[PDB]
Every structure is written in structure tokens, then in C-alpha cells.
Amino acid sequence: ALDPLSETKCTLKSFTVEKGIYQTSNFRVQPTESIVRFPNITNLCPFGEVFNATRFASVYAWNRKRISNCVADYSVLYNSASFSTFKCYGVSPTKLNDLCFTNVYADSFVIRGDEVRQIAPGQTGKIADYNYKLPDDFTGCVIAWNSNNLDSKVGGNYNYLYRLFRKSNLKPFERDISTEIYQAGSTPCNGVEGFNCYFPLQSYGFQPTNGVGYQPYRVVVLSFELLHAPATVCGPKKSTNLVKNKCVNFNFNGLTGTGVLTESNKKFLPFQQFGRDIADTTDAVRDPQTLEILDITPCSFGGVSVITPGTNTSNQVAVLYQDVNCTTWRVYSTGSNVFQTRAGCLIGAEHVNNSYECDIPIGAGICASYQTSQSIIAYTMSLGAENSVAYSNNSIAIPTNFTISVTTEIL
Amino acid sequence: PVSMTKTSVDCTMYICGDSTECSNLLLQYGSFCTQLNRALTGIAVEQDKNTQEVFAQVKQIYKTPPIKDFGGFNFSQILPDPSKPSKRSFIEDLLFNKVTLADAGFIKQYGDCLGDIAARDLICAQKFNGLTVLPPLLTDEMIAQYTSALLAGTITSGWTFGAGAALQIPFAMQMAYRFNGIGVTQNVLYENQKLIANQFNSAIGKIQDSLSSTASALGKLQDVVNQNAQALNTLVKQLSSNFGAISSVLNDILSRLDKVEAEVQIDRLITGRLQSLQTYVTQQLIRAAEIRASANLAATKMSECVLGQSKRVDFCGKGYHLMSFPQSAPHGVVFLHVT
Amino acid sequence: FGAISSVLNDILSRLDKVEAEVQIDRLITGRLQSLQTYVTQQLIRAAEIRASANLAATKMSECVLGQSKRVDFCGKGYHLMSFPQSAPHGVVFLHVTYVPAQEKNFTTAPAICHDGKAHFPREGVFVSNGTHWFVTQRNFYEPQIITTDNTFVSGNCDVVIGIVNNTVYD
Amino acid sequence: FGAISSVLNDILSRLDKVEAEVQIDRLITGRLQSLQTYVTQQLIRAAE
Amino acid sequence: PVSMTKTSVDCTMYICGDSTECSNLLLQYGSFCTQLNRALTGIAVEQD
Ligand SMILES: *[C@@H]1O[C@H](CO)[C@@H](O[C@@H]2O[C@H](CO)[C@@H](O)[C@H](O)[C@H]2NC(C)=O)[C@H](O)[C@H]1NC(C)=O
Ligand SMILES: *[C@@H]1O[C@H](CO)[C@@H](O[C@@H]2O[C@H](CO)[C@@H](O)[C@H](O)[C@H]2NC(C)=O)[C@H](O)[C@H]1NC(C)=O
Ligand SMILES: *[C@@H]1O[C@H](CO)[C@@H](O[C@@H]2O[C@H](CO)[C@@H](O)[C@H](O)[C@H]2NC(C)=O)[C@H](O)[C@H]1NC(C)=O
Ligand SMILES: CCCCC/C=C\C/C=C\CCCCCCCC(=O)O
Ligand SMILES: *[C@@H]1O[C@H](CO)[C@@H](O)[C@H](O)[C@H]1NC(C)=O
Ligand SMILES: *[C@@H]1O[C@H](CO)[C@@H](O)[C@H](O)[C@H]1NC(C)=O
Ligand SMILES: *[C@@H]1O[C@H](CO)[C@@H](O)[C@H](O)[C@H]1NC(C)=O
Ligand SMILES: *[C@@H]1O[C@H](CO)[C@@H](O)[C@H](O)[C@H]1NC(C)=O
Ligand SMILES: *[C@@H]1O[C@H](CO)[C@@H](O)[C@H](O)[C@H]1NC(C)=O
Ligand SMILES: *[C@@H]1O[C@H](CO)[C@@H](O)[C@H](O)[C@H]1NC(C)=O
Ligand SMILES: *[C@@H]1O[C@H](CO)[C@@H](O)[C@H](O)[C@H]1NC(C)=O
Ligand SMILES: NC(=O)c1cc(I)cc(I)c1I
């Protein structure tokens, strides 16, 4: 990265470059600053209402609570909350602080210690089949912690129930609270329990002296979407000012990227937050604070070529920026010699008004040559000698001699 | 068709865009990008090589005689006119008009593509995704000058300038020699000189009318242009493929996943985009071989139909070949075969 | 190719069968892709080489085994002969051609009116040295006296454009 | 192609959506590569 | 030789057969099948 000549050396994987013109990497523009744009939310998320709740629901009647307009600063749980299980599926845990979550729902219930493993997208068992099923494409985090000190009674806590004997497996995120008598045998029930007719709900024991597999465990499943919709729950990240018309790193509602932000004429619908082009790249975004639409443009643009006479001859190089007037410019280095041929700005080469045979083809009728104080000279290549045939309606040219010519053709 | 569009690919920009993590992961491949760029550079060099073989056969620029007294034959229609800013013939102007290039020029500044135009302009998207189009070494004016030199040599000297040392000859005597070549006694040329000149002028006018009408008849060059544009646009469009990853956007993966978890997704995306680039380069190589065959045929025809009178049947038109006239066209040559 | 290492030995040394299976599969896929790319490039280059060899065989048939009348097919100029020479992975054709050297201006005429009839050379061109008219071959200046053996008569003199008057001398 | 089986039916019969997704992706990539190789060879033979 | 056999490929049928899950997963690729079919169609037209 010292200079385009060194980049050519690295691309060719050699310390010597022969005479010619070599394409290098496109003109890169590095971001200058980093900006974060989150909606202004000050209220902390109801961590106390969820993880500190006095009473939890039964697994067959698991509770669902909406989470909206709050800051997901889970570090407040570090002081008092200890979790035996914390597994995130659609998102890495270390990124949870840099993201905004779209549709946050907390599903709370109480199960056995041995059944916590069943809270997963593709598990089987009593809880996963008849009580609570996660979707295969579940995005969110499952949290579970032992609650023996709270949900266990010396005589036995029988207030927590689970569904046994269901006809078919539950759909993902489906709740069944019916208490109809289950018919196990061929004899049909009439609302009475007996023989092959069982009540579908059974209570846990939950005694303090129970084993760790039979101790109560409180489970909260947080489900959300990421980087597709407006979103109103965000991490503890402080927003900065909005910088436009400049190559910056940006964090819009958890979506990170690099580019130039400009005012956009697109009119987003109220339910839309991001705009995407044919390549699925995010090319437009609604500002979470000013509610304005901004177009995002890649910083890097334009082809670059290096013209060299050969490292064995000289270390002088010329640079061709194929998408620029030499009308600051999008040039790595500019000085003295600018010509502005077709096929881009040429920097580091002298220009002459004469025409010669092509030596290094720059393109668009322009060629380069290392010529005399030696220097790189850019010129318009000559098509050949110019003359006139002495045409007349009564004049002929007839050879009075001949030449025996022998030429070589290599195939 | 003589030449096709010269293209270059910045593989780091296409596969990874502006992502540093993706670039670091792509560094493990390295040589495949160099191989693709070497193949593309070979194709780009071969394009100018084909153009040079087709049009630079003579290295001696003969420009038009002023008198233009060719025994009733009218060549002011395929000869260049100084009134036009480009010294190209009127028929060459028609051929230029009937072929629409993907872009007007080869320089598109950042300001032009800055904003919402990037998402609507195909060239802007191609350039933002690391795909560049290289201009030909020979401009259209230079190819027109070569065609004019060939035409002047054919009109004033006939077949002699193809063997070096252009010897002037009256055009009626040249036509008589060609008539003798096709097996007709030269007096038939002289006893029907007015009729033959009128028929040639009428045929040139018929070509006039055919090219100036709504009928294109130049689909071979437009097909090459459309094929190159379609290949580039397909390369741009294929960036939306997930390739088995959770997303087709590197930014989303990097935003929602840590280094270890995002590494596999970025590897899948890199493999898919490298496969897309390899497929594009292979198709470009095959099309370049076809274009090279076409350009070799065009060079052979210019040598044998323009620089001389060919006795091969149906090689320089239908009928007994008398002469041929070259005309430049976008990415090709048009041969007017007088038979 | 996305694996932890590019060396199979390291993967087999630090990983068991199950864990090393995915890395070896990645390496196998990458190396198979490399081989496929090499073979495709070889096929394209072989097609190009086959076209070149077909052209070389055609030139040997038409420039060495005979005299070609195709312009610029067996060298620049009027082809006389060609000689093949072997070369590493190729053939070199020495094309002996005929090139005019010293052109001279002459006054020419499409036809000559002798006795109310138009005469034509039937093999060359009429030329003049200021006073008298001769007939010569086109590719070499060898003027000869215009007789009835090197000319043929066709029609009258009022139809040919550019006809001149000359008296045939015995 | 690195998958547990070359038959989609076996994978779908013994694996759920998430587990079978990676195997089906491997099979899709391999078969797409096979089709691409066939088409490239056909293009070369068509040029000849 | 003048012409060769003109062929067409149903990429969904080759890669996935009659599997709906495989077809849904293959929908993420999309353009590669169209590219292969376009090349094959070009070859088939060139034969005639
Ligand atoms: C959703 O409800 C439908 C209808 O109540 C259930 O389908 C019934 O399933 C039972 C046995 O599971 C059959 O005896 C009935 O004939 C079915 N009826 C119909 C209309 O299909 C379905 O099983 C329920 N789904 C879940 C996940 O509980
Ligand atoms: C050669 O052809 C051109 C046509 O391309 C002739 O120019 C035309 O001349 C007539 C009258 O003489 C005008 O009505 C037309 O408008 C002209 N067409 C043009 C300029 O494109 C030209 O006269 C012909 N040469 C000779 C010697 O007759
Ligand atoms: C040979 O063909 C030419 C052209 O096809 C004939 O010339 C035309 O004759 C018609 C009469 O039949 C005239 O109306 C046209 O004006 C002529 N054209 C030209 C350019 O002069 C010719 O008559 C035919 N026959 C002979 C013996 O030459
Ligand atoms: C009150 C509901 C808040 C909803 C927040 C939504 C998304 C943010 C994500 C995860 C927050 C819960 C983390 C619990 C474990 C913390 C780490 C530990 O102690 O091991
Ligand atoms: C939960 O409750 C305990 C005891 O009441 C308290 O110490 C702790 O701070 C609470 N945590 C939260 C997050 O509210
Ligand atoms: C907070 O965001 C709202 C958008 O809901 C915006 O109207 C308001 O100006 C913002 N306030 C500040 C201080 O940025
Ligand atoms: C650069 O911009 C100017 C406008 O001032 C334009 O005339 C010129 O054509 C542009 N450069 C090229 C190579 O066309
Ligand atoms: C013939 O005469 C012209 C001028 O009338 C001259 O330019 C040309 O060189 C002459 N040709 C030869 C061979 O001397
Ligand atoms: C023309 O040629 C004839 C015979 O070759 C000769 O007698 C005569 O003097 C010549 N005239 C001129 C002007 O050269
Ligand atoms: C050449 O043209 C002139 C016109 O000035 C004419 O006088 C002369 O006869 C013509 N000669 C021939 C051989 O055509
Ligand atoms: C040739 O002779 C004819 C017939 O006498 C005459 O009409 C014509 O003018 C003569 N040509 C010259 C150039 O003297
Ligand atoms: N071949 C060339 O390009 C060239 C040759 C000479 I001698 C002088 C100069 I200035 C140049 I720019």
C-alpha cells in the first residue's frame, strides 16, 4: 500500500515489473468518522417485571409479554440475576449491545430442571410436544435459572401445571389451555376421568429437597427480529450526530456499514425502515431520529491503472484514474503533470503534440513511452505514414523492377 | 464482429465491497483473483490485437484524392466527408447510429453516480461492485482513418497497394482488369461503362435506403454488446444469492454475528461470489475465442476481398466478386461486396 | 478454502475423524475446483491451438504444396513459394514473394482507335512514351510494339470513353 | 458432496429442517457445479 | 460434423427432483439456472 507501483509488485508476486500498464485495485476511500443512529429511548426495559416477577405462569399456559420502547441494557441483571442457561440462536451474544430488536416478546413459564434442555428449536419430549414448542427458524435467546428458593414449598408446590396426553404435537408458539378429558383407549369419554380417560394437566411436585432435575426452573424466551423493520427496542449504545456527504461508518438501528449518506427522494411507507436494491444491499435507510430517508452510497469507486517503463529501467510510474477529469479529486497523488486523456486522468506523464508508434497502450488513442532527463511521455499514437496516390484518368504506374522478399510466419 | 468489450474485475470489491473482515478472509484465496484478472487481461489485449489485424493491415495512410474523377463511379458516399466532426463516411455514420453502446463514454465520475443514481444506473452499480469497462486502444476516429486509407488505396491503386508500393491506375482500367479476372472480356466493361457505373451507384443508394430505414440488419454487433452488458448485469445481480448463508449481505452478518460465527457465513459468500466470477470469466473466454475467430475471418476477407480480387465462391459476396469496400462499425467491420 | 489449515497433515494431527472430515471436505472441494478451472482453461487453450494448427496445415497445403493466389495468405506481395521449418511446438513458414520495386509514371489509354475500330491489349495495358504507344504487362514494364497479335478488336471508337488514336506500324 | 447422503429423501426422512438444510445446501452446490461443468463443456464442444 | 445434440436442463428437476424443501432452498440461487439454460439455448439455436 506504499504506492500503486508497490501494489502492482504485490499483485504480480514479484519484486520486478516489466514495462506496461497494469490494473490495480479500485480507488478506495477510507471512512473518516463513525456515527450511531438509534431512536431516542430513555426508559430501561422491564427486566424487573420479567426476571423478578413474583409469580410465573405454568408451561401449558405460558405467559407472553410485549417489550417495546425501552433500552435493552441487560447488565443491570449482573448484580442480582444468575442464569443457568443463556443460549441465543439468531444473534451472537456479544453483539446484543450493538443491535436494535424489532418485535420483542418474552415468554415466561416454569418447568423442571431436566426439561430445560427441551426449550430449543428442534427438541422432542413432553414440554416440546404438548406444552411449548419453538420454531425451527427461531431468532432470540432462551434464558433459564433455578428457582427452588421461590417456587418450592415444604409440603409441595402444586400450583405449576404441565400438559400431558395431547392428541397431537403443538405448533410453534402455540398455546393450549383446554382441559378436555383425553381419550387414550377406544372407549370414548363423556367428560369423566376413568380407565383410559385422563385429565390432560398434571402438577409438578417442586419440593425443596427434590433433586436438581426435579427442582423448579424459571424460563424466559425472548423472541425478536433483526435489521428488517423499524424496531423500537435498542441496546445501550449512545447515538451521535448525523454526518452527510462524507464517507463514514454508520450504525442505523443495529445495521452497521460504511458509505456516504445523502438526502434521498424516496418516500418510505410507515412500516418500512430500510431500502434494498437489486443486489439486496441496503441502499436507503430511514433515520430513527429525524425520520428522513437517506441514500447510502459505497465509498470506493473508479478504476486505477499504473503505467511503468519497467523496474529494470526506472522507478517512475504514471497513474491513470479511469473515471476522472483533471478538472479535491479522487486521486491517490497529484502533481505537476496532468493531461486528462480519454480513459481518465493521467498523472505523472508528460504530454507532447507529436505522434509516434504505440509503446505502452494507455487506451482511447493514447499511448505512453519512456523517452528523453528521461521521463514518461503520453502521446496520441500515429496510424502510419501519410501520402497521396497520384490518381488520374490517363496515368498509370508500372514497376520497372522487382524485389524478391522472404518473410517468416510463426504458427 | 471484430472486438468485444474489454472488462476488468476488482475481486476484492466485488466479493467483499468495503468490508475489512471479508478482505482478510479472502486473502486466504489470493491466486484465484490473479488468475481471473490474468484471463481478463488476455482477453482485453486480444481485443485490440483483433482490431489491429482487421483494420491496420496497411501501415501507409492514403487520403482521398481531390479530383474524384473515377469514370462515373460515385464514392463520395463511402468516402469520409470533412463537414462531419468525425472524418467518417455517411454510411459509417448510419452504422454508428444503428448500434447503441451500453455507455456513451468510458469515464463515469463519482459525482454522476453519487446518490440515488447508483441504484438506477446499471453502469454505476457495475462500477460500485468492482466491474470496469476498458476503452479500446483504437478510437472510432482512428478506425475510420484506417478504413479511409484502405478505401483510397483500393480506389486509386486497386490491388497493388495490398502488395506494397501503391501503383495508380484509372478506375475504368481497374474495373476492366477485374472484369477480365471474373472471365469477362474488358471491352464489355468499356462498352457498358455508363451502365455499370449507374448500377453501382444505384446499389450504393439501395444500401443507403436499407440502412436509413427502420430495419436494423446489424444485429451481430448489437448481440455482442448486449451479451457483454447482460454478463455484467448478471454478475451484479448474482450478489443477492445467499449461497447457503443466513444472508447475502456481509453487513447484516457482521452486525448480528461475532467473528467465529460470521466466519462460516462469509466463507460461504466468498465461495459463491468467487464461483460467479469464475463462471463469468470462463464465459468471457469462450466468447473471446468466438470473437477472435470472427476477427480472423474479417482480416482474411479484408486481405482477399479489399486488397485483391478473390476467386473463392461466396467468400466476398454472392456472384462473381469484383471488389469490396470496408466500413468501420461499432465493434465490427461492414464489407460492401461489389459482385 | 475456509478450512482451519491448508495442510491435511496438520488437520489429521490435531483433529479426530469427525472434526477433520469437514475440513478435509472443504479442502477437497477447493482443490477439485482448482483442477476443474485448470482443465477448462486447458480446453480453451487447446481449442485456440487447434485453430492455429488448422491454419498452419492449410498454409502448408496452399503455400508449400502449391502457389496460392490468396492475398496476404502466404506473405506480403505476390506469392511465389514457401518453405516449412520445424520449431518447438510450431512451424515457421519462409514465404518467398514477388514485390514490385521501381514504379514509373506512364500515360495510358483504355483502348486505341486504329481504323475506326477499338483495340484492346487482352493481356496488359497500353502505355505511351510521349510519341508512340506500346503494350506492356501490368506487373513489369516490358513495352512491345502494338500489333494484331497482342490486341483484339471490339466495336467502334465512339463508345469507349478515353480512347486515343494511334497508327499501327509494320 | 460432503453430505451425509446423496439422496434428498433420506436426509429429509432422518433430519429436521435445520439439520437437513446444510446437507441439502451441500447437495445443491455440488449438483449446480456439475451442471455448470456440463454447460461449459457443451459450450466448448459447440465452439468446435 | 455440422451439428451436435441440442439439450435442455430443468435445473430444479435435476438438483431437487420432486422435493419441495429442496426447491425452496434452491430458490435462493435462481440466476445460475437461468444462465445455464441461456447458454444451452444459445447452443441449441447455433446448431440449427
Ligand atoms: C388445530 O385444530 C384442528 C381442528 O380442530 C385439528 O385437526 C383435528 O385433529 C384431530 C386429531 O388431532 C382430528 O380428529 C380432527 O378430525 C381434526 N379436524 C380437522 C378439521 O382437521 C388440528 O389437529 C389442530 N392442530 C393442533 C396443532 O392442535
Ligand atoms: C454522388 O452521390 C451523392 C449522393 O450521396 C450526390 O449528391 C446529391 O446530389 C443531388 C443533386 O446533384 C442532391 O439533390 C442530393 O441532395 C445530393 N445528396 C447528398 C449531398 O447526400 C452527388 O451529386 C453524386 N456525385 C455525382 C458526381 O453525381
Ligand atoms: C441490361 O440491363 C440494364 C439494367 O438492368 C438495362 O438498362 C435499363 O434498361 C431499361 C429499359 O429496359 C431502362 O428503362 C433503364 O433506364 C436502363 N438502366 C440504365 C441504368 O440505363 C438494359 O436495357 C439491359 N439490356 C441491355 C442490352 O443492356
Ligand atoms: C426485559 C426484556 C428485555 C428484552 C431485550 C431484548 C433483546 C436483548 C437481549 C438479551 C437480554 C437478556 C440477557 C440475559 C443474560 C445476560 C448475561 C448473563 O447474565 O449471563
Ligand atoms: C430483583 O429483585 C431483587 C430483590 O428484590 C433486587 O435486589 C434486584 O435489584 C432486582 N433486580 C432487578 C433487575 O430489578
Ligand atoms: C427523538 O426522536 C424523535 C422521533 O421519534 C424526534 O422527533 C425528536 O426530534 C428526537 N429528539 C432529539 C433530541 O433528537
Ligand atoms: C470531464 O468533464 C468535462 C466537463 O467540464 C467534459 O467536457 C469531459 O468530457 C469530461 N471528461 C471526459 C474524458 O469526457
Ligand atoms: C507520378 O507523377 C506524380 C505527379 O504528377 C508524382 O507525385 C509521382 O511521384 C509520380 N510517380 C512516379 C513513380 O514517379
Ligand atoms: C519512344 O520510344 C521509341 C522507341 O522505343 C523511341 O524511338 C522514341 O525516341 C521514344 N520517345 C521518347 C520521347 O522517349
Ligand atoms: C481524362 O479527362 C479529361 C477531362 O479534362 C479528358 O479530356 C480526357 O480525354 C480524359 N482521358 C481519358 C483517357 O479518359
Ligand atoms: C481520333 O480520330 C477521330 C476520327 O477522325 C477524331 O474524331 C478524334 O478527334 C481523334 N482524336 C484525337 C485525340 O485527335
Ligand atoms: N516512440 C516514442 O514514443 C518517442 C520516440 C522519440 I525518437 C522521441 C519521443 I519525445 C517519443 I514520446
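Below, read A as the first sequence line, B as the second, and so on, with proteins coming before strands; counting in each chain starts at 1. These values consider heavy atoms only, across backbone and side chains, with no hydrogens, waters or symmetry-generated copies.
Using modelled atom types, no side-chain atom of C/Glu48 and backbone atom of C/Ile44 make a donor-acceptor pair closer than 3.5 Å. When atom types are taken as modelled, the side chain of A/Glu33 and the backbone of A/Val248 share no donor-acceptor pair closer than 3.5 angstrom. In terms of modelled atom types and a separation under 3.5 Å, the side chain of B/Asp121 and the main chain of B/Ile117 share no donor-acceptor contact. Side-chain atoms of B/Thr234 do not come within 3.5 Å of backbone N or O of B/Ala231 as any donor-acceptor pair. Between the E/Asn37 side chain and the E/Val9 main chain, a donor and an acceptor come within less than 3.5 Å of each other. In this structure a side-chain-to-backbone donor-acceptor pair under 3.5 Å is present from A/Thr240 to A/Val36. Within the 3.5 Å criterion, the main-chain N or O of B/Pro135 finds a donor-acceptor partner in the side chain of B/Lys6. Not one N or O on the side chain of A/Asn245 forms a donor-acceptor pair closer than 3.5 Å with the backbone of A/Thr262. Panel note: side chain B/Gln265, backbone B/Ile246; a donor-acceptor pair is recorded below 3.5 Å.
How far CG of C/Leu32 is from OG1 of C/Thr37: 10.0 Å, rounded to the nearest 0.5 Å. Interatomic distance, A/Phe252 CZ to A/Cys100 SG, rounded to the nearest 0.5 Å: 11.5 Å. With values rounded to the nearest 0.5 angstrom, B/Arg256 atom CZ is found 11.5 Å from A/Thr256 atom OG1. Interatomic distance, CZ of B/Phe243 versus CD1 of B/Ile270, reported as 12.0 Å (0.5 Å rounding). From B/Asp18, atom CG reaches atom CE of B/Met13 across 7.0 Å, with rounding to the nearest 0.5 Å. Rounded to the nearest 0.5 angstrom, B/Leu239 CG and A/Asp280 CG are separated by 10.0 Å.
Within a 6.0 Å sphere centred on NZ of A/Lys87, other residues, nucleotides and ligands contribute more than 12 heavy atoms. When the shell of 6.0 Å around CZ of C/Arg45 is examined, it contains 12 or fewer heavy atoms from other residues, nucleotides or ligands. For B/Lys237, the NZ atom counts as densely surrounded, since its 6.0 Å shell holds more than 12 non-hydrogen atoms of other residues, nucleotides or ligands. Within 6.0 Å of the CD1 atom in A/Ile278, the count of heavy atoms belonging to other residues, nucleotides or ligands does not exceed 12.
Taking the centre of each ring, B/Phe32 and C/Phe1 come in below the 6.0 Å mark.
Taking 4.5 Å as the limit, every side-chain heavy atom of A/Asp283 sits out of range of all side-chain heavy atoms of A/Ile296. With contacts defined as side-chain heavy-atom distances shorter than 4.5 Å, the pair B/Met4/B/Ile43 qualifies. When side chains are defined from C-beta on, B/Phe128 counts as touching A/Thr297, because their heavy atoms get closer than 4.5 Å. Taking 4.5 Å as the limit, some side-chain heavy atom of B/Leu36 sits within range of a side-chain heavy atom of B/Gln278. For the pair A/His228/A/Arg276, a side-chain contact is recorded, criterion being any heavy-atom separation below 4.5 Å from C-beta on. Looking at B/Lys127 and A/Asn26, their side chains never come closer than 4.5 Å, going by heavy atoms from C-beta outward. Counting heavy atoms from C-beta outward, A/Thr139 and A/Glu225 have side chains that stay 4.5 Å or more apart. You'll find the side chain of B/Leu269 reaches within 4.5 Å of the side chain of B/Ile253, heavy atoms only.
Between B/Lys108 and B/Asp103 no salt bridge is recorded (no basic side-chain N to carboxylate O distance below 4.0 Å). Note on B/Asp10 versus A/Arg28: salt bridge recorded, some NZ/NE/NH1/NH2 to OD/OE distance being below 4.0 Å. The pair B/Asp267-C/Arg26 fails the salt-bridge criterion, with no side-chain N (NZ, NE, NH1 or NH2) lying under 4.0 Å from an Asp/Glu carboxylate O. Between A/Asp323 and A/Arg330, no side-chain nitrogen of the basic residue sits less than 4.0 Å from a carboxylate oxygen of the acidic one, so the salt-bridge criterion is not met.
Between B/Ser248 and B/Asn242, the shortest heavy-atom distance links the atoms CB-OD1, 3.4 Å. Pairing each heavy atom of A/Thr16 with each of A/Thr311, the nearest pair is CA-OG1, 3.3 Å. Shortest non-hydrogen contact noted between A/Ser300 and A/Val29 is OG-N, 3.8 Å. When every heavy atom of A/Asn253 is checked against every heavy atom of A/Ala231, the shortest pair comes out as ND2-O, 4.4 Å. Closest heavy-atom contact between C/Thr40 and B/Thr282: CG2-CG2, 3.7 Å. Among all heavy-atom pairs drawn from B/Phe106 and B/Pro136, the shortest one is CZ-CD, 3.5 Å.
In this structure, a donor-acceptor pair under 3.5 Å is present between the side chains of A/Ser34 and A/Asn249. Checked by atom type, the side-chain pair A/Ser6/A/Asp3 shows a donor-acceptor distance below 3.5 Å. Side-chain contact, A/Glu7 with A/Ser25: a donor N or O sits under 3.5 Å from an acceptor N or O. A donor atom on one side chain and an acceptor atom on the other are not found under 3.5 Å apart for E/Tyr14 and D/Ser34. Defined by atom type and a distance below 3.5 Å, a donor-acceptor pair is missing between the side-chain atoms of B/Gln275 and B/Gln238.
Using bins of under 30°, 30° to 60° and over 60° for the plane-to-plane angle, the ring pair A/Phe27/A/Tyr321 lands in the perpendicular bin.
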Side chain to side chain contact (heavy atoms under 4.5 Å, CB included) assessment of A/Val324 paired with B/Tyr110
CA-CA 8 Å; A/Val324 162; B/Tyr110 187 67; over 6 Å; no

A/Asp137 vs D/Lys17, test: side chain to side chain contact (heavy atoms under 4.5 Å, CB included). Steps then yes/no.
CA-CA 9 Å; A/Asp137 53 317; D/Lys17 217 211 188 70; over 6 Å; no

Passes side chain to side chain contact (heavy atoms under 4.5 Å, CB included), A/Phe250 versus A/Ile35? Steps please.
CA-CA 5 Å; A/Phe250 55 83; A/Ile35 70 160; 3.9 Å; yes

Full working for side chain to side chain contact (heavy atoms under 4.5 Å, CB included) between A/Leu99 and A/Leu227:
CA-CA 8 Å; A/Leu99 280 169; A/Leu227 314 180; 3.7 Å; yes

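Not less than 2.5 angstrom separates the SG atom of E/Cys33 from that of E/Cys11.
Paired with B/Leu131 under the rule side-chain contact (heavy atoms from CB on, under 4.5 Å), one option of B/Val236, B/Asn233, B/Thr7 passes, and it is B/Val236.
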